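What follows is one chain in structure tokens, specifically the form deposited in one PDB entry.
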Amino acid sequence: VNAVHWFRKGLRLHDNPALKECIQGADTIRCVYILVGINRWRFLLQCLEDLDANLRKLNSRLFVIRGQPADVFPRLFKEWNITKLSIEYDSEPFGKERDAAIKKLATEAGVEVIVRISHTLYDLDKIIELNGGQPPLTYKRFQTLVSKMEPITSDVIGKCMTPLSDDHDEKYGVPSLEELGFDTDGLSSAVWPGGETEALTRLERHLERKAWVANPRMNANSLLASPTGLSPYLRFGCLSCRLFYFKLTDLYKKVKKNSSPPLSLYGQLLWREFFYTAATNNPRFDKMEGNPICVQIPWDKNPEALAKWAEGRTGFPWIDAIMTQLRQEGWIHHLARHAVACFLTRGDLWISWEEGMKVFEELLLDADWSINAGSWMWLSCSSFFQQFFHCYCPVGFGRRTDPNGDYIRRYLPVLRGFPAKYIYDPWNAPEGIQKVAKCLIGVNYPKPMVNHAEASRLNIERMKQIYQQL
């Protein structure tokens, strides 16, 4: 009779099978959302504003509640006389633990829990069954398992109604950044605007781009936020990965013949799936110690080095530029992640991937518990059989990605006056050049915090020797 849909990810009305099923046989439906850096919070709140606005258009509203689910749902169930609760499935270990506790409470209150998988393409548990009860520990094996697996104008609440009270905006309104305790004087408009509406606009354009302008290699421009980038939208569920996957496939077929498209066309999607699968039964996935798939590495504790890196004050412009864009905007290119993750961990500073992961959790829009832990193990060569015999150069990688160094000048204006010859290694500029640039190295911008040549040589050696050498 009275039903609730509970938003956590899946922050969208399109491709929402849990919501659709929840509404079957229901008199009433209420959609609820139960409440570290400012960009993440802004993105979430914009998602919630978008949902509320779109629900409004259907004579509904989003119900935002501040509290712990375990403390909220029982009295909600009683007040509203709820007998059905639906959720999109969450594979993440702390998510499963949360949802297990809420199921217990719901069973206690006579409340049916409806669970549908739609944050991912696949049933992750079935992949694990196909692999003998443990996740594939290499991306290639995962690709093989899934190949042996698979083959918006409506009113999503049309069959139901939502009771609404006059004080809804007050009681159940989406909070503002200020209400969450943020200072807002220091924000321009978001580079990555939140919400389903935006996601669906970007999807169309994304697909237009793949068809028209393309049918894809790195250039300097790729380092900047694309207006057709989808990765934050996927992580929040603003864009269904299944919709994305289906649209891609059909357009590929339209444009290219039959063509059994390359795995590379689904790389974004499959890599995220791979880490969710790796994480789902591993409550220590975000740890080194006690984590069964993590190689144990003698990382060092250097809180000042970690802070220099986190803050973009390493003295390597390439690294600092990247960490500055990350903090300013909330997204950086996957190749830029390689650079700054390699620098912090196996390459230059020898600091645990756990520590890098924490910073990214605070700043990176498309990071969640599974993806972020997974990526950081991958980039530090702590898991997934990744190769540690090469170390990204914190000068050359940048110089090969943006030869002119505009990216540097863009995120590090203090360096704007250096010529391209020195913009990735300003410490090598003659002092007169530094002076013309109005930037003395050591004074206005720091010296490089490490000798890359030595650091990288020693660390590759030390990583090699953690393993038996033949």
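So that there is no doubt, residue numbering starts at 1 and follows the sequence shown. In this text, the rigid core denotes the largest set of C-alpha atoms whose superposition between the two forms falls within 1.5 Å.
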{"item": "Absent coordinates for residue 212 in a third or more of other compared entries", "value": "yes"}
{"item": "Other compared entries missing residue 389, a third or more", "value": "yes"}
{"item": "Continuity check for residue 35 and residue 36, given as deposited residues lacking coordinates between them", "value": "4 to 9"}
{"item": "Residues of the deposited sequence that sit between residue 216 and residue 215 yet are not modelled", "value": "1 to 3"}
{"item": "Stretch exceeding the other in mean C-alpha B-factor - 377-385, 136-144", "value": "136-144"}
{"item": "Stretch exceeding the other in mean C-alpha B-factor - 348-356, 124-132", "value": "124-132"}
{"item": "92, 304, 289, 179, ranked by C-alpha B-factor: the highest one", "value": "179"}
{"item": "Member of 231, 296, 324, 228 with the greatest C-alpha B factor (per the PDB record)", "value": "228"}
{"item": "Ranked C-alpha temperature factor of residue 328 among modelled chain residues, by third", "value": "lowest"}
{"item": "Chain-relative CA temperature factor third for residue 370", "value": "lowest"}
{"item": "Residue 434 - which third its CA temperature factor falls in, relative to the rest of the chain", "value": "highest"}
{"item": "Relative C-alpha B-factor of residue 84, binned into the chain's lowest, middle or highest third", "value": "lowest"}
{"item": "Third of the chain's Cα B-factor distribution that residue 76 belongs to, per the entry", "value": "middle"}
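Below, we refer to the form solved in complex with a small molecule, which is not included among the displayed structures.
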{"item": "Contact label in the bound PDB entry: residue 366 to the small molecule, heavy atom within 4.5 Å", "value": "yes"}
{"item": "Exercise: residue 89 in contact with the small molecule in the bound PDB entry, heavy atom 4.5 Å", "value": "no"}
{"item": "Any non-hydrogen atom of residue 84 within 4.5 angstroms of the small molecule in the bound PDB entry", "value": "no"}
{"item": "Residue 271: touches the small molecule in the bound PDB entry, heavy atom cutoff 4.5 angstroms", "value": "yes"}
{"item": "Whether 399, 407 and 424 all lie within 4.5 angstroms of the small molecule in the bound PDB entry by heavy atom", "value": "no"}
{"item": "Per-stretch contact check against the small molecule in the bound PDB entry, the hit in 329-337, 94-102, 155-163, 128-136 (non-hydrogen atom, 4.5 angstroms)", "value": "329-337"}
{"item": "Partner-contacting position among 372, 280, 240, 314 - heavy atom within 4.5 Å of the small molecule in the bound PDB entry", "value": "372"}
{"item": "Among the candidates 178, 170, 71, 79, the residue which, in the bound PDB entry, approaches the small molecule to within 4.5 Å (heavy atoms)", "value": "178"}
{"item": "Residue showing a 2 Å-or-more C-alpha displacement between the shown form and the other one once the rigid core is overlaid, selected from 396, 175, 158, 283", "value": "158"}
{"item": "C-alpha of residue 387 moved at least 2 Å between the shown form and the other one on rigid core", "value": "yes"}
